[PDB]
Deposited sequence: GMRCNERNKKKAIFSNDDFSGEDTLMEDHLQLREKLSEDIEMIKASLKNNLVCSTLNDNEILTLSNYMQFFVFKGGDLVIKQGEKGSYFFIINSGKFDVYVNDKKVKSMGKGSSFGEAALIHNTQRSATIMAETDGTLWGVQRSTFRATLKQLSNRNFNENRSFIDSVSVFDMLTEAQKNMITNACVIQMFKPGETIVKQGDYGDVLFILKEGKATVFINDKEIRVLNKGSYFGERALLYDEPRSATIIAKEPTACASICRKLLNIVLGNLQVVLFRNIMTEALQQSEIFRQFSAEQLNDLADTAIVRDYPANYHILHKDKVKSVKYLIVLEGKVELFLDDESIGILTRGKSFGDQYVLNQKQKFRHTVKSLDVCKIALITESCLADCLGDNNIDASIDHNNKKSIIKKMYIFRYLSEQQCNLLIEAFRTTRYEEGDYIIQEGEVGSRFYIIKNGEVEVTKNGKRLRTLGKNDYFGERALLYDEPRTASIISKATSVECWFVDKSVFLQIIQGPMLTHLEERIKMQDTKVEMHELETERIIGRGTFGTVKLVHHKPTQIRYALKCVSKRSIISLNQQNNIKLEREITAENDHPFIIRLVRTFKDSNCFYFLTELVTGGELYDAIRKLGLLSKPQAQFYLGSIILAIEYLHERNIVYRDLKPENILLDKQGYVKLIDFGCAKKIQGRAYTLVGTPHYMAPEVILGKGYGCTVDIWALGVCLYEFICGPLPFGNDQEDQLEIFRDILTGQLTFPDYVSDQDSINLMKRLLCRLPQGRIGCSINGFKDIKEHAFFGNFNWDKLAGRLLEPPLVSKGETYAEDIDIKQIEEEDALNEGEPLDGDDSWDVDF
């Protein structure tokens, strides 16, 4: 017998949920059971706002548990996971005896939300329970809502009137779908009624009656009413349900709340897609394009018509085909045919004064959008269009750069206006490596090469830029830039001009940030100093080569109980906003993870408000406005923060804020369901378990504002119990103290603390713009905030921790 000798070839294999399977038993649900269940659930803080289909599904997941006398169910110490509705016998309760429960009552509702440590201890006096486990319960809620969402979404996709909505806009109105049930013989819509609702058959069938005469029958997927979302019209038919039926419905009143005017939205989308085929309008902003959409002259034309001929329509600069075909001519030569969505006019858009030489002639019946000299001027803010488009093209390039992006509008404009132009010949060194630069460049025409030590590094072309560091530092150029084309033209600005425009506090912020960011740093180059945080642990460290001081968070590797650290690091590294903590580098070893970030020395906002007391309006504008810019930045990158509270915001030494703890943040993909956050700040929709997005961060804004202005928290303020906090959030009353005298503040607080997201301000199509334009922010200059041109409420004297 040969034996295997590879010694390590054979490898060995190694709460309430445990005890409750002892009592589980199959049991058919009779009507008496089902109705008691529905009765119990309709009174549960989580299920009270559910329809009958939802509550029924939940019911069929309940399980039967039988007990004999003297048996235990829950215990005062153990962590809870089950929720029970009593079905027979009596059950005694014993915190630290207290009561007795029988047929109909329920207990352990807190476990339906989180792993709450039990309080009492329920035991069976007599000798059954309907029960359900948290995981099963929340998984069921997730699946119910998620499938409802996905189904309604695809039904939205099949309704032609929504075809030109963007992805984001489609998802927003999917959330507005209401489900209506129709018993057989019920009339869904009646002929001649000026209704405003679109119906989709999700399940069932219905019959169509025109003048009391059967005209056809409708099946799942059939839909009707799409014109009633755009116009005041009478129903063309009477529709009556044969079978019980399921209808996804969208109302126009809700559409207008979620989207505004559907026709206006669809046309912006269409026009924006057309305009962006042009290299010119591709430099315009979304708002600028929307404005051009809102003012374009739309005309229908017969075939063989001269829409534009030489000097005939003198004001038109650009032409977009919406439907049909037109042919372009220069004099007698056809130069092309434009179909649906294509356009013409780049030449005339750029040169306001140039006479239209071309001819446009319809080939068939068509519909045309015309952009005139006045639309352009109105879109841009003045009559000098040529100059204003050049100005705006330069604005577009620098508004993408951190350094220029957050300057006030007047500062930005002054810089654009200071730009000079110069030209180079091929092989000219625009910049020589090693020399001390004082200029910033933007390539207007041509191409250049980036080279260091003879070795090429990159090529740069039109609208590319280089050299910006010379605006902030006195230092040698690290690379040469060489004209790699005939007649390269550059726009440029001098450091001296920049320093006349940017002011001290912004300059200081940029100076310290770029340097710190780009500096290479190694662990052994780092000298620890004093400690400034225990929990992981955070030390004030000191870069030996540069003397630049940083902060270093040390996260014990033993704390890796999980996967989210890989995800937190991803998010934390990508963040590049003035009001969000800037990560420098991440280090790792045997025992500990490391985060190297900028050092923030002004303390927590949690302490600043307790030192200020109750914030005046200007002071609450400042901090809430700051938080709003940070949160808006994250949402644009589809990141939900999920743990907004004053504790998680630091003040830098100039008194501007920095958001810092990204432990609970997440890149959202559709709806999120995980229960995460700090209870006093959590949104109703997180607790209720039917899905949420980025807009939970907006609810927390409201909580914060309320603390700023009113003082205490708005819900669960003197509550310790996690469950009682959630209950006050879900159904408690929101009130304001009598010393709050600002109606606009109260309006804003009430609208940020709106429980259904669809009614929550800042949660519809305009996003944060509805918050920024609220009358609470009336006298507030959002422009000066990001640019550090405002006096902050509180500036630290020296460092604070």
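Asker: In sequence order, which deposited residues have no C-alpha?
Answerer: Several regions go unmodelled: 15 to 20, 103 to 104, 136, 545 to 546, 573 to 576, 817 to 847.
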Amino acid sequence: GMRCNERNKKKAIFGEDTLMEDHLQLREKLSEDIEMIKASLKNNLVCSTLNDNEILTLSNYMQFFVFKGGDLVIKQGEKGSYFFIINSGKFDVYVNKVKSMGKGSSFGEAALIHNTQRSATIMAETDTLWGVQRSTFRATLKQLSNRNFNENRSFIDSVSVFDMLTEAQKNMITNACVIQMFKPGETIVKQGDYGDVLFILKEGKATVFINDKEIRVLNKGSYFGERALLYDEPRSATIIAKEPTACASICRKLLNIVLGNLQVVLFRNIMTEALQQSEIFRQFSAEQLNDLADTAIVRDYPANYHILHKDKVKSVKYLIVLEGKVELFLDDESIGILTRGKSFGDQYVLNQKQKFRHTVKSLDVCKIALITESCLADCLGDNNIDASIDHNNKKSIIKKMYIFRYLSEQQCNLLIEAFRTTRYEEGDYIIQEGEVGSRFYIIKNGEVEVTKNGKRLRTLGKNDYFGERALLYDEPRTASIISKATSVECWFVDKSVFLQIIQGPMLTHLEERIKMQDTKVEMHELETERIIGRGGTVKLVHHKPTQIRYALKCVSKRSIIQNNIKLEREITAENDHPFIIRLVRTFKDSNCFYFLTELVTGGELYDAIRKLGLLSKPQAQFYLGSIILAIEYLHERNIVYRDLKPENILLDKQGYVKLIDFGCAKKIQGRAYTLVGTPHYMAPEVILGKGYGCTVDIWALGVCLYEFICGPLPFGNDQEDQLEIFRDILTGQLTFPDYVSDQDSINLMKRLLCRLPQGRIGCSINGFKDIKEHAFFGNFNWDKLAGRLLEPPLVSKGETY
From here on, numbers count along this sequence of modelled residues.
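By rigid core we mean the largest C-alpha set that fits within 1.5 Å across both forms.
Asker: With the rigid core as the fit anchor, does 523 to 531 or 595 to 603 show bigger C-alpha shifts in 5 other deposited structures of this protein?
Answerer: Higher average C-alpha offset in 5 other deposited structures of this protein goes to 523 to 531.
Asker: Figure out for me whether 536 to 544 or 499 to 507 is the more displaced stretch in 5 other deposited structures of this protein, taking RMS C-alpha distance from the shown form once the rigid core is superposed.
Answerer: Of the two stretches, the larger average C-alpha offset in 5 other deposited structures of this protein falls on 536 to 544.
Asker: Could you tell me whether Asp311 lacks coordinates in at least a third of the other compared entries whose models cover its neighbours on both sides?
Answerer: Yes; at least one third of the other entries leave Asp311 out.
Asker: Please determine whether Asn8 lacks coordinates in at least a third of the other PDB entries of this protein that model its flanking residues.
Answerer: Yes, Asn8 lacks coordinates in at least a third of the other compared entries.
Asker: Comparing 79 to 87 with 357 to 365, which has the greater mean CA B-factor as deposited?
Answerer: Stretch with the higher mean C-alpha B-factor: 79 to 87.
Asker: Mean CA temperature factor from the deposited coordinates, higher in 779 to 787 or in 15 to 23?
Answerer: For C-alpha atoms only, the mean B-factor is higher in 15 to 23.
Asker: Which one of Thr528, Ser145, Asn175, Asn413 shows the top CA temperature factor in the record?
Answerer: Of the candidates given, the C-alpha B-factor peaks at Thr528.
Asker: Highest CA temperature factor in the entry: which of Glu243, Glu327, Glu574, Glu273?
Answerer: Result of the comparison over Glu243, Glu327, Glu574, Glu273: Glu243.
Asker: So where's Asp728 on the chain's Cα temperature factor ranking, which third?
Answerer: CA B-factor rank for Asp728: middle third.
Asker: Thinking about Cα B factors across the chain, which third does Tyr594 belong to?
Answerer: For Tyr594, the deposited C-alpha B-factor lands in the highest third.
Asker: Report the third (lowest, middle or highest) to which the CA temperature factor of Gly69 belongs, ranking only the modelled residues of the same chain.
Answerer: It belongs to the highest third of the chain when residues are ordered by C-alpha B-factor.
Asker: Of the three thirds of its chain by CA temperature factor, lowest, middle or highest, which one includes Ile746?
Answerer: It belongs to the lowest third of the chain when residues are ordered by C-alpha B-factor.
Asker: Which third of the chain does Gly691 land in by C-alpha B-factor: lowest, middle or highest?
Answerer: Middle third - that is where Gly691 ends up once the chain's C-alpha B-factors are sorted.
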